[PDB]
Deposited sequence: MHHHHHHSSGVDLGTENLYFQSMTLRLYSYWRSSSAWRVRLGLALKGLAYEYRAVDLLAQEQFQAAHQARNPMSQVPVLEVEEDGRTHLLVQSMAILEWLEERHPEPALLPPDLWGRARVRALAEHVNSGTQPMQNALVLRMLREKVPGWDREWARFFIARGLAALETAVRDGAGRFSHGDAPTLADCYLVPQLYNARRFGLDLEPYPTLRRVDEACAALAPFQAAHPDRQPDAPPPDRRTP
């Protein structure tokens, strides 16, 4: 008998990895942190045309789970409490949509490879592009979150939606975006920041934070 073990391949500043760190922390799940040298990896990838990976061992078999949303859905199914999705069908669809706004609708357009391609083609274009797409994504997210937010993105408890929102706002700040136009997002971000699991998952608390 081999009871389940968790290992996360992570980079301190990766928003994708951070989402999964939030799911793990909110669920009270311990895991081995395995740092990936993402800056070296990206330099190599650049010259030649990834995290998170959640490695799970149980009963002598190993599973390598990838894609933040798939990993988070697995955490929610495998370890139900505390719940990061609401119990009702409508609320679940809303929370998944908020998460996907970020997962598919905002973050990909500020992918390191995307920005690198833009920068190699036209220097500086990468910054303009990231700012445009992140602001666009946040404007749409602000509207959607406002219609249904309580203390958090959905009602009065953290959900998968907050796990996507928080790292995306950090990236927005990195690109120098004014967050004043997203008051609901800022309020929710502040509520999350006061929670111990959010503090634990933050880039600055990770073993590979320089």
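Residues 1 to 19, 69 to 74, 236 to 242 of the deposited sequence have no C-alpha coordinates in the model.
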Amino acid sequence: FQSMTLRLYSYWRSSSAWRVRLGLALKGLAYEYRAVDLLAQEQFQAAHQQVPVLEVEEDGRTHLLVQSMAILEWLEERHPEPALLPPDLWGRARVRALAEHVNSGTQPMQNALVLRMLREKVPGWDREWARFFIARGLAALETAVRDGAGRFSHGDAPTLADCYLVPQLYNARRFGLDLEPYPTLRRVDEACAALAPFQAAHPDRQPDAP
From here on, numbers count along this sequence of modelled residues.
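Averaged over their C-alpha atoms, the temperature factors of 33 to 41 and 166 to 174 are higher for 33 to 41. 181 to 189 and 55 to 63 differ in mean CA B-factor, and the higher of the two is recorded for 55 to 63. Per the PDB record, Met109 has a higher Cα B-factor than any other of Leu84, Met109, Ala97, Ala135. For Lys121, the recorded CA temperature factor ranks within the highest third of the chain's modelled residues. In this PDB entry, the Cα temperature factor of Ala157 sits in the top third of its chain's modelled residues, the highest group. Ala200 sits in the middle third of its chain by CA B factor, as recorded in the PDB entry.
Among the modelled residues of its chain, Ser68 has a C-alpha B-factor that falls in the lowest third, as given in the PDB entry. The PDB entry assigns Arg78 a C-alpha temperature factor belonging to the middle third of its chain's modelled residues.
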